[PDB]
Structure formats: structure tokens, C-alpha cells
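Just one chain follows, in the form deposited in one PDB entry, and it is written as C-alpha cells.
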């Protein structure tokens, strides 16, 4: 008759009354984001989100979460990408990400758009998700760098990509992590994340406090001595090494 909370290493969690087999199955299960406040509440089967409605975790009483549903009929479902499909709702934003980041012109010269904080946050804060289609390292490594601007290694078997035209916010805004530019003195890192809609992906997490309207940057981590990297990154590495 109790409630259970199961946390992922990234700080998100599933919460609810488990069934006889210890599974997160029911009509009142929730995924709670790492702010411990934004939640997707509703029907889950063995921890997979079937219909999660946007909610706010208002309090816990005896361990039991007390949610308030947000207005608007915002509903989400598990929707892991494939090699060819990035999302079934490319234009439906992630509600936690939408409160934390926006896209605008980068402050880095000739670097296109960048990702910026909406609000002040502390260290270790998950800001944005890096979802994309899932393809192999062989495909990515055997094609030209001009097609590999948005490729992010997930693990030894899978690379996440945001190919054209999903690199434009008008065609894809379900996640925004591909909009963060590179720096050798970054304020964020790529980190593993298990997302209830996107499945196992990576996120952008701050390494230190960031101010409102500060540009979020991450180290892209190309191999400097296999560098195997785009020319703009090669140029910047030589500059970084000279400051050191």
C-alpha cells in the first residue's frame, strides 16, 4: 500500500504505487524531472510512459507525491527515435527544457545560433536534452564532416544526429541540445540522461552557476590525436593551446 520512488543517476525518477511484481504500472504513475517539481503524470506500463500529463509536484505527504495538473491538455508518450524518425511530435517542446533555455544568435563569431539560459541556475543543473535519430558510427565516420555538425556519440554502438532540416527550430524543437556551441572553456557538459519521451539520450548539464541570458557552451570532445575535427574546431584548438 506504499509508494516507491526509483531514481535514475541523472536525478529524474519514477514514482507511484508499484504492482505485485514491483513494476511502475498504473493510471497514477509519474516521471519527475530533476528539478523535483516538473512531472509527467498518468498511465505507465512497467515504467514506460503511455500518457503522461504535465503536472507540478506541489508537496509530498508520507512520501506520496501530491500533483497539480497544468492547464492545456499537454500530454506526452514514450517515443524513442529510430534511424529515420526523430519524433512523432517534432514541434511539441519538452516542458522542462522550455522553462530553462532558448535559442538566439550565438555570441561566438560566425557560429550561427546558440543556446542560452532563460533564468539563473546553480551548478549541476540539467538544462537541455540532446535527442536525435540513432545511426551507426560506421555511417557517421564514413561520410563527410559537412554532414556531421550535429552528431553526438551516445555509446559504442550509437550516434545521435539532428540532420537537416531538423537543425532548424521551425522544423524541430522537441529538444534543443544540438543548439549549444562548442567551447574549450565550457560552462556545461554533455551527460547521460534517461528521458521518459526520448529514452536513453544525453543532456546538457551546468558545471557551475549560470546567469539569466548567459550562453551555454559545451566541449565537443573530438579526438585531438587519433585532430579528426572540422576546420573551425582545429583553428580554435590551436588558439586554446596558445592561451595555455
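Basically, rigid core = biggest C-alpha set you can superpose within 1.5 Å across the two forms. Numbering follows the first chain given and starts at 1.
Omission of residue 227 is seen in a third or more of the other entries compared for this protein where the adjacent residues are built. According to the entry, the stretch of the deposited sequence that connects residue 226 to residue 227 contains 4 to 9 residues lacking coordinates, which leaves a gap of moderate length in the model. 49-57 and 211-219 differ in mean CA B-factor, and the higher of the two is recorded for 211-219. Two stretches are in play, 72-80 and 85-93, and the higher mean C-alpha B-factor belongs to 72-80.
Going by the entry's values, 107 shows the largest Cα B-factor out of 133, 152, 173, 107.
The PDB entry assigns residue 157 a C-alpha temperature factor belonging to the highest third of its chain's modelled residues. In this PDB entry, residue 235 carries a Cα temperature factor that places it within the highest third of its chain's modelled residues. Annotation for residue 44: C-alpha temperature factor in the middle third relative to the rest of the modelled chain, per the entry. When the modelled residues of the chain are ordered by C-alpha B-factor, residue 4 sits in the lowest third.
Annotation for residue 115: CA B-factor lies in the middle third of the chain's modelled residues.
The same protein also has a form deposited in another entry, omitted here; what follows describes it.
After superposition on the rigid core, displacement of the C-alpha of residue 6 between the shown form and the other one stays below 2 Å.
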